[PDB]
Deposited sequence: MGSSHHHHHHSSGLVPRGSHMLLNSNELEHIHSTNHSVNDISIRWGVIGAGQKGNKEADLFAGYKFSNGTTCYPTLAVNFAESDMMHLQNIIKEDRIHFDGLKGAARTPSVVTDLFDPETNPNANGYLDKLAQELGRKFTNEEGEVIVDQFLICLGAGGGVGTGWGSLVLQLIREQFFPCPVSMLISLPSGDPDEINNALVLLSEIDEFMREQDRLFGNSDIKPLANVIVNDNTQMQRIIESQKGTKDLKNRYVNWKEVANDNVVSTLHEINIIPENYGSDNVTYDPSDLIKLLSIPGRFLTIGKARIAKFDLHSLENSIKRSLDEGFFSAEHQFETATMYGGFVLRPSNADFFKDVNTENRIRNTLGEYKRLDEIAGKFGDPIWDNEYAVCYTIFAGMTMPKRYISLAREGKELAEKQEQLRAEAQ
């Protein structure tokens, strides 16, 4: 099975009853980046050997997905992107539609036509052609009530390319508009057709990866940082899914129902901060949580102040005085409070226990408005395009 992180290693190593998750994701990747992500999700298995998430990958040609390793060929669906399905500016548009519907219907339904997932997790890299194109397509499909369940979009943001930036800003703007209409029409407590959008910033993940690993001068120079980024992003998502359902606490227990609400009710931008805490002291704890939020894999200058829900849990060792001290609890609370006053929004923070000697703090903020990365990207995009036009001879 896939053991994408030290935490997944420790879990399946000390827990042989990991046979269910909090929410049954139906994973669908689109474009190279998306496919790579979905291929990792397809690699996860329960203690009993069965597969965790049914997944499909999408792209234009068979060639694009030739190197997938966990998604069998049958599930590798092949067919700008918006034109094809557009019942007009592309003949037999319904053809592609019916095919998408059939493939989705055959992979996410049992024998009697019943959906076997709770929510669709669509992964894609913004900035590319098929990627952003699919993202934009997903929005129109949701507006057309295409999906039988809510959809969660996991999106990476580009950099270094003005053309990719512009494509990503167009999508984000379309996402934000969709969210505005959905937020006005649905009650703050109803399940939303667009559950959430989780953004990843390539520039941010690259810096994190290239700063670490290389305490000398040999950065290996051959390791694709993106592969490392994908592992970190996907294992975090998988981990937050299995923890609530497989781990409990003797104090504040976080349940799958809490996770489900957090992921489906807010309906806007959501982020995650995973902080491993081996050093059991207040300053190290605060510092690790803050780094995970402001300089972690899911950081994108989020508008934490606009969050409407939060959640999370510190998976801590049994019989560890540090994580049974009021000063610790107060530090965690006080630390999250610097991002968004918890007393003002729904949500809870649990402290599940696992059979290991270090703790991991998973902090989640949901229902936020446009990540400010939209702004820094629009600025960087303008600069690149300028130095581009400039210098030119």
Segments lacking C-alpha coordinates (deposited sequence numbering, starting at 1): 1 to 20, 100 to 110, 425 to 427
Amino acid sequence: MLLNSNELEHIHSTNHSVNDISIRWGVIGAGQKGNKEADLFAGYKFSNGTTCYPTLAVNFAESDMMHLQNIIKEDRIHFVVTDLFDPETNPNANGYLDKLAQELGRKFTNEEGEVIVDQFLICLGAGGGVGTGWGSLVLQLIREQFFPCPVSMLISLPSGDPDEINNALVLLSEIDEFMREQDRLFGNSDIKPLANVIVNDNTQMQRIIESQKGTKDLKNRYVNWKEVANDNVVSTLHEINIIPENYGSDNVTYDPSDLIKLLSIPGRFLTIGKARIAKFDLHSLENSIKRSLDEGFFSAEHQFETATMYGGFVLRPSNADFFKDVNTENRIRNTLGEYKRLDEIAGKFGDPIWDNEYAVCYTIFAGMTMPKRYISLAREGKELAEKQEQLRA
From here on, numbers count along this sequence of modelled residues.
364 to 372 versus 340 to 348 - greater average Cα B-factor per the deposited record: 340 to 348
Of 129 to 137 and 86 to 94, the one with larger mean CA B-factor: 86 to 94
Top residue by Cα temperature factor, when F298, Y222, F313, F186 are compared in the entry: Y222
Highest recorded Cα temperature factor - choice among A275, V80, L262, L171: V80
Third of the chain, ranked by Cα B-factor, where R180 sits: lowest
Third of the chain, ranked by Cα B-factor, where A101 sits: highest
Where the record places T203 (Cα B-factor, split into thirds across the chain): lowest
Entry-reported Cα temperature factor of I332, expressed as the chain third it lands in: middle
Third of the chain's Cα B-factor distribution that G267 belongs to, per the entry: lowest
